[PDB]
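Here you'll find one protein chain in two forms, each presented separately as structure tokens under the names structure 1 and structure 2.
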Structure 1
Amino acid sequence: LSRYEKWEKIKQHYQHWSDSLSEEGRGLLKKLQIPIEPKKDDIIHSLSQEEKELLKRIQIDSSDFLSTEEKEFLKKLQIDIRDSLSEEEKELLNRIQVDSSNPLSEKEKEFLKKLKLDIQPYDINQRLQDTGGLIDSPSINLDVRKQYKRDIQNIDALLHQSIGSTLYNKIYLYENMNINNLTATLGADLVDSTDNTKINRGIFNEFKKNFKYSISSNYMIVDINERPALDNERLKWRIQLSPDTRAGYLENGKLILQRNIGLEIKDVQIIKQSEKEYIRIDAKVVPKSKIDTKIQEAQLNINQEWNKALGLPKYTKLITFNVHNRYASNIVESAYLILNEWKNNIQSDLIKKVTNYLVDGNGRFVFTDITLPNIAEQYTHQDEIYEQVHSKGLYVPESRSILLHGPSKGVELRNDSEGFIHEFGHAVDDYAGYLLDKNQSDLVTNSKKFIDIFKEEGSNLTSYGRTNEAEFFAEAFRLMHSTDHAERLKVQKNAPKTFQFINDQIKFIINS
């Protein structure tokens, strides 16, 4: 309508609802909009002096297991502990994170792994997104888990009034979004590197190609009137609700939408607003069940394809889509591309032999847009939260499963297929070790032979490869199967013993 007429009409529709909210209800909605942060002063006070000194000098961005949120908080914490010091110390501890980008020491690792338990904000919307609504996932303290459930049940009950049959087709709602919240990989290159006012057309095509549906597991907070973008908001969603979509009015002309929303992507276009290019995303709300049907149909389809390609029984459940968030369709469709690259770049007998071993152990290839600590193939086997990891990908020997987190980007990885191939490197290590001694099953990278190889060559490849024997093996494996011939040649030239060792293990596997 008129922008303000639309605002006043929606506010009127929800006025009784708004006036009727209890103090409890208003408090929940406030909490949801603005999460409570952990107390930095209290965290620091709880540390021993040695722990304080340890935290002062830790290279947080060298950790391999923290979420972005955990890292950013620890950085803010670190500023405070350092502030008693002085400028040289301050300036020094603070620019040999150049080539120094060393793996953390075991002492630094163990400290940070426990400390992360104490830095979680109480954030209902983040909890729903990280878990994809699987709020019983044992990735946070049980008592906090219970509070989240109570709050979420209560918010669900608050949001009982639908937008209705009168307004739904007379209004659009809006959401600005950082592309990095859907895909950090494409986000890195979305904007033209020489001219910030422009979108890279190739990356744009990649972004929209398989973007057909979207899920909100958390509560969307949408603008009644479109807000001009902040510098990092290059996505401008324009959303049409369904008559049955439940919502509540929020001050300053917003709506909070019910959680567990499905959205069909109707159109994706580059538009200009004030001499800058943005991506318009036109989306229509549909029942979430309609979207889940599409994901389940895709899961059946991709397994039917890959079971045949790999010579597995047709009914094998190998590939799983654990998909719950706003770039949903791309998580699904990109899995086909990732597996194609895997098959293209690795010998067929190797892929078949290793995958059969995984399947023999009820293993899965899990493609997901929820955080890895909330994937059962991890948490069923890492019962300590301090040992749970978020990362671009993981290999869990106990579940013989490869996990791949779609929305994030691995630092030294160009794409999702390189991450998957890295994890498959761990699977190779596992199966090769299993063959060595089927009775006491260990990784081949734990052999004295490879330990000696790592001690000699472990710094000769990637920075991340330095971490330990297993990561070195996986990194060497990935680089040996790169689409870039120069990278394959680098392993052969700079880590020749590792190159030989891996090829020898590949033969052992294929010949078993």
Structure 2
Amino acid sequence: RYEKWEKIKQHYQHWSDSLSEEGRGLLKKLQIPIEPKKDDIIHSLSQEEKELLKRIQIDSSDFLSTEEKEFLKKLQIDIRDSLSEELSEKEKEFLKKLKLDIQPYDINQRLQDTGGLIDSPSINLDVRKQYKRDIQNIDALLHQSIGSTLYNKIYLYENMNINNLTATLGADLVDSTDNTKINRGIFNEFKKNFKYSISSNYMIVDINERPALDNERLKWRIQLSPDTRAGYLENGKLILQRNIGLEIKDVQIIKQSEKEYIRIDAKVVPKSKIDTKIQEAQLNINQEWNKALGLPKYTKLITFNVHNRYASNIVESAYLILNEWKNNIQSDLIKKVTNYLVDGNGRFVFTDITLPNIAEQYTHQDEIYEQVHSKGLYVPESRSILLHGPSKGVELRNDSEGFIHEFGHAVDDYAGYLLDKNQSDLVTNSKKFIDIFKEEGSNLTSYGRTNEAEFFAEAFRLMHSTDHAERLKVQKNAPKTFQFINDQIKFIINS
């Protein structure tokens, strides 16, 4: 277990000795991201914003993560008024702005979120530039390769949560009848299209395998290439250069300490090699689907924006998502709306970076607090559908159903466009549907209650569910909405 630390240490001996105090501080920052301090955030708030925050039901919000909710709730307690022991519209906007300022400074998370596209205007300019400087300086530190003397004499190990690659499959990976076992069925789906993988940040790996901690059932075993650059962090730990490619050599179920884990064997290869495979796939899926949809042969509609560790599945699931899409929506509705999207250079974007870092969003969303990360998104200004692979939509079974919901937004767009082409608007912004929403808006899904646009898209998704039960359910519980959507569909195919 410890017999190989010494020769890695000696290999990087000069490198470790020549490390500046600033270099060391940088590596330390990379390993331990800087959390926000409660008192710092509290003191920065005005007296009215303090009074507002302490009245807000934080757990009610839908855009705040678990982590962000807990931190804010702790602020509420520390803020002390007279009642202290010895969501609205105003409150939503406040929380959306405050969210941006309670994020820890996390270099590896910034790289993963952006997929290396660190110029993406998804964070405040000042911290965005600081990330850039740090990342550049880290790249400069990681200059010594593992070399021909050691690349095939060691394995590098990493434990990983399944939710990092796929939170959808991750919800069922563990056997529900026995948590020491892996669900063999869910295992097969995870492994099926896992052929390659990309690291856009700095992998922190060990020379000897280490016990998995909470919620880690994936145990990576990695061989580097001679050219792979790295740094020694002592204690048998390495930090690897960013932007490296990984070919998946084997995925197997293994037993350790009477618990079942998933072994992932991977070989480091040039990232350019993997990116070539992705481009050929984008070239292929576009040629295939232009023919199916009857689009011009030169149309670029489908785009792969992938940069992270489950890369091959993002590509392959695009074929599956679109097939289900074509199978559950009538062909003539699909042709009309897709052509409208294409007419505005709209895209179907499949990605494993967070959606605020997708150009088809942030180009038309300067306000960072108005930017959105989710499983799926539709942006009318760019007429694009965005689908985020790794995440898991709350109250949403799979990616295909998410996509259909997003296509509902597109249907919403085109229908409203047909009513008035130069003064274009959403059909859900018309008084007629607003009235329908005010009456039936609470009769479908919980999220459907949010606004007219989401109610429409939810009603649309459910109307095209493979479950013949759910369709009837929408007709019964939201008859006016059901009728309205069918009316728009008729309006579209006759246009």
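Here, residue number means position along structure 1's sequence, counting from 1. Definition used throughout: the rigid core is the maximal C-alpha set that superposes within 1.5 Å between two forms.
The two forms, fitted on the rigid core, differ between structure 1 and structure 2 by 2 Å or more at the CA of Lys76.
The Cα shift for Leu29 between structure 1 and structure 2, taken after rigid core superposition, is smaller than 2 angstroms. Rigid-body analysis between structure 1 and structure 2: the smaller part rotates 20° against the larger, C-alpha superposition.
Core superposition gives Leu117 a CA displacement of 2.1 Å between structure 1 and structure 2.
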